[PDB]
>>> print(open('query_16.cif').read())   # mmCIF, C-alpha atoms and all ligand atoms
data_target
loop_
_atom_site.group_PDB
_atom_site.id
_atom_site.type_symbol
_atom_site.label_atom_id
_atom_site.label_comp_id
_atom_site.auth_asym_id
_atom_site.auth_seq_id
_atom_site.Cartn_x
_atom_site.Cartn_y
_atom_site.Cartn_z
ATOM 1 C CA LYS A 1 -21.272 -0.895 -4.305
ATOM 2 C CA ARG A 2 -17.671 0.076 -3.488
ATOM 3 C CA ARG A 3 -16.471 -0.679 0.007
ATOM 4 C CA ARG A 4 -13.397 -0.889 2.181
ATOM 5 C CA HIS A 5 -12.065 -4.281 3.276
ATOM 6 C CA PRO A 6 -10.435 -4.840 6.689
ATOM 7 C CA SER A 7 -7.288 -6.906 7.112
ATOM 8 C CA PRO B 1 7.519 11.743 28.538
ATOM 9 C CA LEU B 2 4.738 10.742 26.112
ATOM 10 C CA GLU B 3 1.831 13.149 26.613
ATOM 11 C CA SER B 4 4.375 15.968 27.201
ATOM 12 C CA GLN B 5 6.010 15.806 23.747
ATOM 13 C CA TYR B 6 2.851 15.677 21.605
ATOM 14 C CA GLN B 7 -0.490 17.477 21.641
ATOM 15 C CA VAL B 8 -3.018 14.761 20.777
ATOM 16 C CA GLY B 9 -5.899 15.769 18.519
ATOM 17 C CA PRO B 10 -8.784 13.802 17.016
ATOM 18 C CA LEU B 11 -9.193 10.245 15.808
ATOM 19 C CA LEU B 12 -8.308 9.550 12.185
ATOM 20 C CA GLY B 13 -9.101 5.820 12.061
ATOM 21 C CA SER B 14 -6.806 3.755 16.718
ATOM 22 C CA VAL B 15 -4.759 6.491 15.041
ATOM 23 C CA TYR B 16 -4.886 10.088 16.328
ATOM 24 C CA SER B 17 -3.876 13.355 14.756
ATOM 25 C CA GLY B 18 -1.181 15.097 16.724
ATOM 26 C CA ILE B 19 1.415 17.833 16.614
ATOM 27 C CA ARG B 20 4.946 17.468 17.949
ATOM 28 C CA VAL B 21 5.333 20.136 20.622
ATOM 29 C CA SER B 22 9.045 20.572 19.817
ATOM 30 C CA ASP B 23 8.418 22.097 16.383
ATOM 31 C CA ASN B 24 4.648 21.861 15.660
ATOM 32 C CA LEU B 25 5.313 19.025 13.184
ATOM 33 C CA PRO B 26 2.101 17.254 12.116
ATOM 34 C CA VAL B 27 2.214 13.641 13.303
ATOM 35 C CA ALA B 28 -0.026 10.603 13.516
ATOM 36 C CA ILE B 29 -0.198 8.798 16.849
ATOM 37 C CA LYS B 30 -1.003 5.109 16.408
ATOM 38 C CA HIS B 31 -1.885 2.929 19.385
ATOM 39 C CA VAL B 32 -1.527 -0.851 19.208
ATOM 40 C CA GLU B 33 -2.826 -3.153 21.937
ATOM 41 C CA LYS B 34 -0.220 -5.695 23.042
ATOM 42 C CA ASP B 35 -2.823 -8.438 23.558
ATOM 43 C CA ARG B 36 -3.761 -8.191 19.862
ATOM 44 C CA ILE B 37 -0.322 -8.442 18.216
ATOM 45 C CA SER B 38 0.218 -11.355 15.818
ATOM 46 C CA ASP B 39 3.957 -11.349 15.029
ATOM 47 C CA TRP B 40 6.611 -10.075 17.432
ATOM 48 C CA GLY B 41 10.172 -9.080 16.638
ATOM 49 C CA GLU B 42 13.348 -7.719 18.215
ATOM 50 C CA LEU B 43 15.170 -4.448 17.621
ATOM 51 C CA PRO B 44 18.945 -4.094 18.026
ATOM 52 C CA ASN B 45 18.495 -3.089 21.688
ATOM 53 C CA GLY B 46 17.240 -6.654 22.268
ATOM 54 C CA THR B 47 13.866 -5.102 23.017
ATOM 55 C CA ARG B 48 10.926 -7.285 21.997
ATOM 56 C CA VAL B 49 8.690 -5.068 19.842
ATOM 57 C CA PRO B 50 5.811 -5.733 17.444
ATOM 58 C CA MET B 51 6.984 -6.701 13.965
ATOM 59 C CA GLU B 52 5.390 -3.500 12.657
ATOM 60 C CA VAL B 53 7.964 -1.442 14.588
ATOM 61 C CA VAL B 54 10.784 -3.630 13.241
ATOM 62 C CA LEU B 55 9.576 -3.205 9.661
ATOM 63 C CA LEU B 56 8.952 0.527 10.020
ATOM 64 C CA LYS B 57 12.478 1.091 11.357
ATOM 65 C CA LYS B 58 13.957 -0.904 8.469
ATOM 66 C CA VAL B 59 12.208 1.305 5.878
ATOM 67 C CA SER B 60 12.550 4.576 7.851
ATOM 68 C CA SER B 61 15.975 5.455 6.466
ATOM 69 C CA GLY B 62 15.921 8.697 4.507
ATOM 70 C CA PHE B 63 13.254 9.976 2.148
ATOM 71 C CA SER B 64 10.727 7.651 0.544
ATOM 72 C CA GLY B 65 7.146 7.061 -0.480
ATOM 73 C CA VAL B 66 6.847 5.182 2.817
ATOM 74 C CA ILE B 67 5.431 6.579 6.049
ATOM 75 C CA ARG B 68 8.251 7.401 8.466
ATOM 76 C CA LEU B 69 8.291 6.160 12.043
ATOM 77 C CA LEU B 70 9.559 9.147 14.033
ATOM 78 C CA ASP B 71 9.492 7.487 17.458
ATOM 79 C CA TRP B 72 7.670 4.889 19.541
ATOM 80 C CA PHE B 73 6.878 4.207 23.203
ATOM 81 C CA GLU B 74 5.929 1.143 25.218
ATOM 82 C CA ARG B 75 3.074 1.283 27.746
ATOM 83 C CA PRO B 76 1.676 -1.445 30.046
ATOM 84 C CA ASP B 77 -0.814 -2.848 27.519
ATOM 85 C CA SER B 78 0.082 -1.092 24.261
ATOM 86 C CA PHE B 79 2.740 0.312 22.000
ATOM 87 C CA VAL B 80 2.393 3.845 20.660
ATOM 88 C CA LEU B 81 3.854 4.717 17.261
ATOM 89 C CA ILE B 82 4.640 8.297 16.217
ATOM 90 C CA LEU B 83 4.311 8.555 12.435
ATOM 91 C CA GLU B 84 4.663 11.489 10.098
ATOM 92 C CA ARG B 85 1.373 12.999 8.940
ATOM 93 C CA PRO B 86 1.166 14.723 5.551
ATOM 94 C CA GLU B 87 -1.083 17.757 5.467
ATOM 95 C CA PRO B 88 -3.222 18.209 3.580
ATOM 96 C CA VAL B 89 -3.817 14.498 2.924
ATOM 97 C CA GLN B 90 -6.403 12.049 1.579
ATOM 98 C CA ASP B 91 -6.041 8.291 1.346
ATOM 99 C CA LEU B 92 -6.285 6.784 -2.113
ATOM 100 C CA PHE B 93 -9.515 4.852 -1.354
ATOM 101 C CA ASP B 94 -11.496 8.018 -0.480
ATOM 102 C CA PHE B 95 -9.872 9.740 -3.460
ATOM 103 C CA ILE B 96 -11.106 7.086 -5.900
ATOM 104 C CA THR B 97 -14.548 7.008 -4.280
ATOM 105 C CA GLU B 98 -14.859 10.762 -4.799
ATOM 106 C CA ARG B 99 -13.289 10.955 -8.257
ATOM 107 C CA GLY B 100 -14.336 7.740 -9.949
ATOM 108 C CA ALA B 101 -11.982 6.028 -12.377
ATOM 109 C CA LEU B 102 -8.727 7.982 -12.618
ATOM 110 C CA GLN B 103 -7.423 9.371 -15.899
ATOM 111 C CA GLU B 104 -4.614 7.083 -17.047
ATOM 112 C CA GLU B 105 -2.031 9.870 -16.755
ATOM 113 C CA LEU B 106 -2.845 10.238 -13.054
ATOM 114 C CA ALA B 107 -3.034 6.492 -12.441
ATOM 115 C CA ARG B 108 0.398 6.133 -14.095
ATOM 116 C CA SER B 109 1.967 8.750 -11.796
ATOM 117 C CA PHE B 110 0.299 7.203 -8.716
ATOM 118 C CA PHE B 111 1.089 3.583 -9.656
ATOM 119 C CA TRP B 112 4.684 4.514 -10.501
ATOM 120 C CA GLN B 113 5.117 6.068 -7.058
ATOM 121 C CA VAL B 114 3.633 2.970 -5.404
ATOM 122 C CA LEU B 115 6.096 0.836 -7.360
ATOM 123 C CA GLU B 116 9.038 2.969 -6.171
ATOM 124 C CA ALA B 117 7.805 2.763 -2.574
ATOM 125 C CA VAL B 118 7.359 -1.021 -2.715
ATOM 126 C CA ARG B 119 10.794 -1.476 -4.316
ATOM 127 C CA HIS B 120 12.124 0.588 -1.434
ATOM 128 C CA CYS B 121 10.484 -1.796 1.034
ATOM 129 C CA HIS B 122 11.990 -4.809 -0.709
ATOM 130 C CA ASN B 123 15.446 -3.162 -0.847
ATOM 131 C CA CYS B 124 15.199 -2.762 2.940
ATOM 132 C CA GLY B 125 14.209 -6.422 3.454
ATOM 133 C CA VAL B 126 10.516 -5.653 4.111
ATOM 134 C CA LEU B 127 7.409 -7.228 2.561
ATOM 135 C CA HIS B 128 4.327 -5.067 3.103
ATOM 136 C CA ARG B 129 1.679 -7.768 2.353
ATOM 137 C CA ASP B 130 -1.229 -5.307 2.391
ATOM 138 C CA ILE B 131 -0.827 -3.019 -0.625
ATOM 139 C CA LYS B 132 -4.223 -1.441 -1.382
ATOM 140 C CA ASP B 133 -5.732 2.001 -1.923
ATOM 141 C CA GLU B 134 -6.727 2.255 1.754
ATOM 142 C CA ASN B 135 -3.041 1.965 2.702
ATOM 143 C CA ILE B 136 -1.864 4.771 0.400
ATOM 144 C CA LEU B 137 -1.883 8.438 1.429
ATOM 145 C CA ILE B 138 -1.810 11.281 -1.095
ATOM 146 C CA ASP B 139 -0.021 14.458 -0.076
ATOM 147 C CA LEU B 140 -2.358 16.727 -2.027
ATOM 148 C CA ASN B 141 0.043 19.677 -2.190
ATOM 149 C CA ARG B 142 3.229 17.821 -3.151
ATOM 150 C CA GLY B 143 1.589 15.153 -5.335
ATOM 151 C CA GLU B 144 3.521 12.452 -3.430
ATOM 152 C CA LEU B 145 2.127 9.087 -2.339
ATOM 153 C CA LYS B 146 2.960 7.433 0.986
ATOM 154 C CA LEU B 147 2.541 3.733 1.781
ATOM 155 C CA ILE B 148 1.164 3.130 5.291
ATOM 156 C CA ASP B 149 0.186 0.440 7.795
ATOM 157 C CA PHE B 150 2.866 -2.231 8.028
ATOM 158 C CA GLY B 151 0.685 -4.154 10.534
ATOM 159 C CA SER B 152 0.491 -7.161 8.189
ATOM 160 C CA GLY B 153 4.056 -7.102 6.881
ATOM 161 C CA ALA B 154 6.917 -9.565 7.199
ATOM 162 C CA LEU B 155 10.632 -9.693 6.741
ATOM 163 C CA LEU B 156 11.195 -10.279 3.033
ATOM 164 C CA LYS B 157 12.328 -13.838 2.236
ATOM 165 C CA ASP B 158 12.672 -15.995 -0.853
ATOM 166 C CA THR B 159 11.001 -19.091 0.620
ATOM 167 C CA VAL B 160 7.277 -19.779 0.716
ATOM 168 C CA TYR B 161 4.950 -17.901 3.059
ATOM 169 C CA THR B 162 2.160 -19.959 4.634
ATOM 170 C CA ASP B 163 0.658 -17.215 6.836
ATOM 171 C CA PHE B 164 -1.316 -14.147 5.725
ATOM 172 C CA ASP B 165 -3.297 -11.388 7.470
ATOM 173 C CA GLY B 166 -3.631 -8.773 4.720
ATOM 174 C CA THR B 167 -6.684 -7.902 2.656
ATOM 175 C CA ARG B 168 -8.256 -10.959 1.055
ATOM 176 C CA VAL B 169 -9.630 -9.274 -2.095
ATOM 177 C CA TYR B 170 -6.043 -8.186 -2.935
ATOM 178 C CA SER B 171 -4.519 -11.629 -2.143
ATOM 179 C CA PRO B 172 -3.401 -13.880 -4.996
ATOM 180 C CA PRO B 173 -5.097 -17.069 -6.194
ATOM 181 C CA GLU B 174 -2.308 -19.271 -4.872
ATOM 182 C CA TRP B 175 -3.107 -17.981 -1.375
ATOM 183 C CA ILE B 176 -6.826 -18.593 -1.946
ATOM 184 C CA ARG B 177 -6.420 -22.133 -3.317
ATOM 185 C CA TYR B 178 -3.321 -23.465 -1.529
ATOM 186 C CA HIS B 179 -2.677 -21.107 1.439
ATOM 187 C CA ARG B 180 0.886 -20.463 0.256
ATOM 188 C CA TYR B 181 2.612 -17.748 -1.794
ATOM 189 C CA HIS B 182 5.946 -16.122 -2.532
ATOM 190 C CA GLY B 183 6.470 -12.533 -1.490
ATOM 191 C CA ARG B 184 7.280 -10.673 -4.680
ATOM 192 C CA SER B 185 4.819 -12.376 -6.970
ATOM 193 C CA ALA B 186 2.089 -11.949 -4.337
ATOM 194 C CA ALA B 187 2.944 -8.254 -4.108
ATOM 195 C CA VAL B 188 2.733 -7.960 -7.908
ATOM 196 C CA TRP B 189 -0.762 -9.499 -7.865
ATOM 197 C CA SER B 190 -1.950 -6.937 -5.324
ATOM 198 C CA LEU B 191 -0.434 -4.201 -7.504
ATOM 199 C CA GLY B 192 -2.504 -5.477 -10.423
ATOM 200 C CA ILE B 193 -5.629 -5.259 -8.263
ATOM 201 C CA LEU B 194 -4.540 -1.755 -7.257
ATOM 202 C CA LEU B 195 -3.968 -0.612 -10.843
ATOM 203 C CA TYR B 196 -7.363 -1.927 -12.004
ATOM 204 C CA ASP B 197 -8.850 -0.093 -8.999
ATOM 205 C CA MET B 198 -7.293 3.198 -10.142
ATOM 206 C CA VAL B 199 -8.348 3.036 -13.792
ATOM 207 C CA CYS B 200 -11.773 1.412 -13.292
ATOM 208 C CA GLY B 201 -12.863 3.054 -10.021
ATOM 209 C CA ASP B 202 -13.096 -0.137 -7.943
ATOM 210 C CA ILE B 203 -11.284 -3.442 -7.431
ATOM 211 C CA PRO B 204 -12.151 -6.166 -9.986
ATOM 212 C CA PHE B 205 -12.802 -9.102 -7.634
ATOM 213 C CA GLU B 206 -14.916 -9.477 -4.505
ATOM 214 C CA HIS B 207 -15.279 -13.282 -4.171
ATOM 215 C CA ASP B 208 -12.787 -16.156 -4.065
ATOM 216 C CA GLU B 209 -14.246 -17.632 -7.265
ATOM 217 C CA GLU B 210 -13.504 -14.434 -9.186
ATOM 218 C CA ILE B 211 -9.985 -14.304 -7.710
ATOM 219 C CA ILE B 212 -9.035 -17.811 -8.790
ATOM 220 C CA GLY B 213 -11.078 -17.533 -11.998
ATOM 221 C CA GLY B 214 -8.478 -15.489 -13.839
ATOM 222 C CA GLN B 215 -10.868 -13.384 -15.910
ATOM 223 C CA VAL B 216 -10.622 -9.604 -15.955
ATOM 224 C CA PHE B 217 -13.602 -7.685 -17.297
ATOM 225 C CA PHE B 218 -13.034 -3.959 -17.853
ATOM 226 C CA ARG B 219 -15.960 -1.838 -16.696
ATOM 227 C CA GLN B 220 -14.386 1.422 -17.878
ATOM 228 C CA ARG B 221 -12.619 2.448 -21.046
ATOM 229 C CA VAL B 222 -8.972 1.489 -20.509
ATOM 230 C CA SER B 223 -6.172 1.548 -23.060
ATOM 231 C CA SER B 224 -4.957 -1.748 -24.512
ATOM 232 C CA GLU B 225 -1.486 -1.112 -23.062
ATOM 233 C CA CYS B 226 -2.872 -0.573 -19.564
ATOM 234 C CA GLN B 227 -5.181 -3.610 -19.863
ATOM 235 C CA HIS B 228 -2.171 -5.679 -20.893
ATOM 236 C CA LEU B 229 -0.115 -4.593 -17.870
ATOM 237 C CA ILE B 230 -3.033 -5.282 -15.522
ATOM 238 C CA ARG B 231 -3.710 -8.721 -17.005
ATOM 239 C CA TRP B 232 -0.006 -9.512 -16.781
ATOM 240 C CA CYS B 233 0.100 -8.545 -13.102
ATOM 241 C CA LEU B 234 -2.951 -10.783 -12.556
ATOM 242 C CA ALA B 235 -1.563 -13.877 -14.259
ATOM 243 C CA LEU B 236 -2.943 -16.882 -12.383
ATOM 244 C CA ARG B 237 0.416 -18.628 -12.343
ATOM 245 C CA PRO B 238 2.830 -16.637 -10.125
ATOM 246 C CA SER B 239 5.880 -17.270 -12.329
ATOM 247 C CA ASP B 240 3.945 -15.721 -15.264
ATOM 248 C CA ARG B 241 3.676 -12.358 -13.483
ATOM 249 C CA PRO B 242 6.051 -9.493 -14.324
ATOM 250 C CA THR B 243 8.938 -8.538 -12.103
ATOM 251 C CA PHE B 244 8.974 -4.994 -10.750
ATOM 252 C CA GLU B 245 11.491 -4.160 -13.485
ATOM 253 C CA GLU B 246 9.181 -5.504 -16.212
ATOM 254 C CA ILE B 247 6.320 -3.473 -14.743
ATOM 255 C CA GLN B 248 8.351 -0.266 -14.823
ATOM 256 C CA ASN B 249 9.691 -0.994 -18.327
ATOM 257 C CA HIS B 250 6.166 -1.719 -19.578
ATOM 258 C CA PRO B 251 5.154 0.622 -22.449
ATOM 259 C CA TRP B 252 2.187 1.914 -20.430
ATOM 260 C CA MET B 253 4.588 3.117 -17.713
ATOM 261 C CA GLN B 254 6.670 5.453 -19.881
ATOM 262 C CA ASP B 255 6.776 9.256 -19.548
ATOM 263 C CA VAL B 256 5.451 9.412 -15.999
ATOM 264 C CA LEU B 257 4.677 12.822 -14.524
ATOM 265 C CA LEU B 258 6.832 14.184 -11.720
ATOM 266 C CA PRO B 259 5.072 14.419 -8.321
ATOM 267 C CA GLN B 260 4.810 18.228 -8.435
ATOM 268 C CA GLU B 261 3.441 18.161 -11.994
ATOM 269 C CA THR B 262 0.964 15.535 -10.796
ATOM 270 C CA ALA B 263 -0.190 17.859 -8.021
ATOM 271 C CA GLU B 264 -0.457 20.906 -10.278
ATOM 272 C CA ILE B 265 -2.314 19.197 -13.143
ATOM 273 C CA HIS B 266 -4.503 16.860 -11.130
ATOM 274 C CA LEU B 267 -4.711 17.845 -7.464
ATOM 275 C CA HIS B 268 -4.609 21.677 -7.190
HETATM 276 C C1 LIG C 301 -4.357 10.834 7.709
HETATM 277 O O1 LIG C 301 -4.280 9.466 8.098
HETATM 278 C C2 LIG C 301 -3.058 8.990 8.474
HETATM 279 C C3 LIG C 301 -1.924 9.782 8.544
HETATM 280 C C4 LIG C 301 -0.716 9.226 8.926
HETATM 281 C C5 LIG C 301 -0.631 7.884 9.239
HETATM 282 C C6 LIG C 301 -1.755 7.056 9.168
HETATM 283 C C7 LIG C 301 -1.593 5.616 9.422
HETATM 284 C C8 LIG C 301 -0.404 5.017 9.298
HETATM 285 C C9 LIG C 301 -0.079 3.588 9.598
HETATM 286 O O2 LIG C 301 -0.975 2.819 10.035
HETATM 287 O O3 LIG C 301 1.118 3.227 9.378
HETATM 288 C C10 LIG C 301 -2.972 7.626 8.785
HETATM 289 O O4 LIG C 301 -4.084 6.812 8.665
HETATM 290 C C11 LIG C 301 -5.127 7.008 9.620
#
>>> encode(input="query_16.cif", output="structure tokens")
Amino acid sequence: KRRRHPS
Amino acid sequence: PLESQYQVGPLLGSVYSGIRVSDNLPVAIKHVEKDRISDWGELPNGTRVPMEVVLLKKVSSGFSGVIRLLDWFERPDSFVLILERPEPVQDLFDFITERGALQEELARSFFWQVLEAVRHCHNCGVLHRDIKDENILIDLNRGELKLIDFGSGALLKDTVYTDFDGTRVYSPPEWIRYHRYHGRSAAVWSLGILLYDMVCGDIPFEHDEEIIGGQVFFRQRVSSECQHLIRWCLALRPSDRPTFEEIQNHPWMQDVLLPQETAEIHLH
């Protein structure tokens, strides 16, 4: 699963 | 006069769509809470501003693949940043989600433009420290890429960095293992992650062990030349990574499309 990653 | 110069529209991500009342220019209106600011800096006017404003002003000069700060305001508990807004636009993360792995011709054009934008940052004394597809906007009509969100950046320096607040899955193994890194070679590592992301459809590493493990499995068909560039960018030892010049002289990087060609072939 592809996901965003916060900073 | 803040609410009198811009008509504020809807949330985009706290970033609002807006239009400059002077000339109906599409803008993005970014609010930043003072109480949540990590690094502070100072402009010429002696004013103490968030580092993000300092960095954005340093890269704002002229035309570039970098988002332009058009203005900013200070409020009791926040700063408000007026940024240019391309229209129509899509960030590179949503674009890769929707399209899957990008054709190498398109990835080459995109990656080339990210390289030019990052070189521009470094020329202006700015280290972005959060290069990733989420922080790249695509102007879908012009075929031009724009680097955004300098909220994790620093002044560029040649000595070691021991602080980091960017995206961990794009951070280099020397940050993971030893909580130190140098700016340019760390940037190059994140560009390797980014390039893999473009040609394979997602980033290669999710866990620390994969990051420091220094093995790159290709889940999509990718040319040997492109695999070589990626693996070079992701050398475990920082001094083994290519300079920006070596990246742009790499055989895979030759014969890039112009932005407008990129839009016509691949985006229209
Ligand atoms: C369409 O979305 C945007 C358009 C212009 C700017 C931004 C963010 C820029 C920044 O943080 O520097 C944006 O992201 C929501």
>>> interface_residues(input="query_16.cif", of="chain A", to="chain B", cutoff="7 Å", atoms="only C-alpha atoms", output="number ranges by chain")
A: 2, 5-7
>>> axis_aligned_box(input="query_16.cif", around="ligand LIG 301 (chain C)", padding_each_side="4 Å", output="AutoDock Vina command-line options")
--center_x -2.0 --center_y 6.8 --center_z 8.9 --size_x 14.2 --size_y 16.0 --size_z 10.3
>>> closest_atom_pairs(input="query_16.cif", of="chain B", to="ligand LIG 301 (chain C)", cutoff="9 Å", atoms="all atoms listed in the file", output="CSV")
residue,atom,partner,partner_atom,distance
B:11,CA,C:LIG301,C11,8.1
B:12,CA,C:LIG301,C11,4.8
B:13,CA,C:LIG301,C11,4.8
B:14,CA,C:LIG301,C11,8.0
B:15,CA,C:LIG301,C11,5.5
B:16,CA,C:LIG301,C11,7.4
B:17,CA,C:LIG301,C3,7.4
B:27,CA,C:LIG301,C4,6.9
B:28,CA,C:LIG301,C4,4.8
B:29,CA,C:LIG301,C5,7.7
B:30,CA,C:LIG301,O2,6.8
B:52,CA,C:LIG301,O3,8.6
B:56,CA,C:LIG301,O3,8.3
B:66,CA,C:LIG301,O3,8.9
B:67,CA,C:LIG301,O3,6.4
B:68,CA,C:LIG301,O3,8.3
B:69,CA,C:LIG301,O3,8.2
B:81,CA,C:LIG301,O3,8.5
B:82,CA,C:LIG301,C5,8.8
B:83,CA,C:LIG301,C5,5.9
B:84,CA,C:LIG301,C4,6.0
B:85,CA,C:LIG301,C4,4.3
B:86,CA,C:LIG301,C3,6.6
B:87,CA,C:LIG301,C1,8.0
B:88,CA,C:LIG301,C1,8.5
B:89,CA,C:LIG301,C1,6.1
B:90,CA,C:LIG301,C1,6.6
B:91,CA,C:LIG301,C1,7.1
B:134,CA,C:LIG301,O4,8.7
B:135,CA,C:LIG301,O2,7.7
B:136,CA,C:LIG301,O4,8.8
B:137,CA,C:LIG301,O1,7.2
B:146,CA,C:LIG301,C4,8.9
B:147,CA,C:LIG301,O3,7.7
B:148,CA,C:LIG301,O3,4.1
B:149,CA,C:LIG301,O3,3.3
B:150,CA,C:LIG301,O3,5.9
B:151,CA,C:LIG301,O2,7.2
>>> resolve_selection(input="query_16.cif", expression="the PyMOL selection byres (((chain B and resi 264) around 12) and not hetatm)", output="ChimeraX atom specification")
/B:106,140-144,257-263,265-268
>>> residues_around(input="query_16.cif", residues="residue 240 of chain B", least_positions_apart="5", cutoff="12 Å", atoms="all atoms listed in the file", output="short mmCIF file (atom, residue, chain, number, x, y, z; two decimals) with C-alpha atoms, in the coordinates of the input")
data_model
loop_
_atom_site.label_atom_id
_atom_site.label_comp_id
_atom_site.auth_asym_id
_atom_site.auth_seq_id
_atom_site.Cartn_x
_atom_site.Cartn_y
_atom_site.Cartn_z
CA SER B 185 4.82 -12.38 -6.97
CA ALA B 186 2.09 -11.95 -4.34
CA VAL B 188 2.73 -7.96 -7.91
CA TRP B 189 -0.76 -9.50 -7.86
CA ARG B 231 -3.71 -8.72 -17.00
CA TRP B 232 -0.01 -9.51 -16.78
CA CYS B 233 0.10 -8.54 -13.10
CA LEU B 234 -2.95 -10.78 -12.56
CA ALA B 235 -1.56 -13.88 -14.26
CA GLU B 246 9.18 -5.50 -16.21
#
>>> atom_distance(input="query_16.cif", atom1="atom CA of residue 204 of chain B", atom2="atom CA of residue 114 of chain B")
18.8 Å
>>> decode(input="query_16.cif", residues="segment 188-199 of chain B", atoms="N, CA and C atoms", output="PDB file, in the first residue's frame")
ATOM      1  N   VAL B 188      21.064  14.295  -2.263  1.00  0.00           N
ATOM      2  CA  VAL B 188      21.205  13.347  -3.365  1.00  0.00           C
ATOM      3  C   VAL B 188      20.517  12.029  -3.020  1.00  0.00           C
ATOM      4  N   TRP B 189      20.648  11.573  -1.769  1.00  0.00           N
ATOM      5  CA  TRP B 189      19.961  10.350  -1.352  1.00  0.00           C
ATOM      6  C   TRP B 189      18.455  10.487  -1.539  1.00  0.00           C
ATOM      7  N   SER B 190      17.886  11.610  -1.092  1.00  0.00           N
ATOM      8  CA  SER B 190      16.446  11.786  -1.228  1.00  0.00           C
ATOM      9  C   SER B 190      16.042  11.861  -2.696  1.00  0.00           C
ATOM     10  N   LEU B 191      16.937  12.348  -3.559  1.00  0.00           N
ATOM     11  CA  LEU B 191      16.650  12.380  -4.989  1.00  0.00           C
ATOM     12  C   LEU B 191      16.649  10.975  -5.581  1.00  0.00           C
ATOM     13  N   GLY B 192      17.528  10.106  -5.082  1.00  0.00           N
ATOM     14  CA  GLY B 192      17.470   8.700  -5.455  1.00  0.00           C
ATOM     15  C   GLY B 192      16.160   8.043  -5.060  1.00  0.00           C
ATOM     16  N   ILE B 193      15.709   8.280  -3.825  1.00  0.00           N
ATOM     17  CA  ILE B 193      14.392   7.787  -3.413  1.00  0.00           C
ATOM     18  C   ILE B 193      13.332   8.309  -4.368  1.00  0.00           C
ATOM     19  N   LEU B 194      13.404   9.612  -4.678  1.00  0.00           N
ATOM     20  CA  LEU B 194      12.406  10.239  -5.539  1.00  0.00           C
ATOM     21  C   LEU B 194      12.401   9.610  -6.930  1.00  0.00           C
ATOM     22  N   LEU B 195      13.586   9.359  -7.492  1.00  0.00           N
ATOM     23  CA  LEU B 195      13.658   8.809  -8.838  1.00  0.00           C
ATOM     24  C   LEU B 195      13.090   7.383  -8.883  1.00  0.00           C
ATOM     25  N   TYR B 196      13.471   6.542  -7.916  1.00  0.00           N
ATOM     26  CA  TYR B 196      12.877   5.216  -7.795  1.00  0.00           C
ATOM     27  C   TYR B 196      11.351   5.322  -7.730  1.00  0.00           C
ATOM     28  N   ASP B 197      10.858   6.267  -6.930  1.00  0.00           N
ATOM     29  CA  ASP B 197       9.426   6.501  -6.773  1.00  0.00           C
ATOM     30  C   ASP B 197       8.753   6.783  -8.115  1.00  0.00           C
ATOM     31  N   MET B 198       9.391   7.597  -8.955  1.00  0.00           N
ATOM     32  CA  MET B 198       8.837   7.922 -10.265  1.00  0.00           C
ATOM     33  C   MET B 198       8.787   6.701 -11.178  1.00  0.00           C
ATOM     34  N   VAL B 199       9.885   5.943 -11.267  1.00  0.00           N
ATOM     35  CA  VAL B 199       9.921   4.872 -12.261  1.00  0.00           C
ATOM     36  C   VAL B 199       9.353   3.558 -11.746  1.00  0.00           C
TER      37      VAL B 199
END
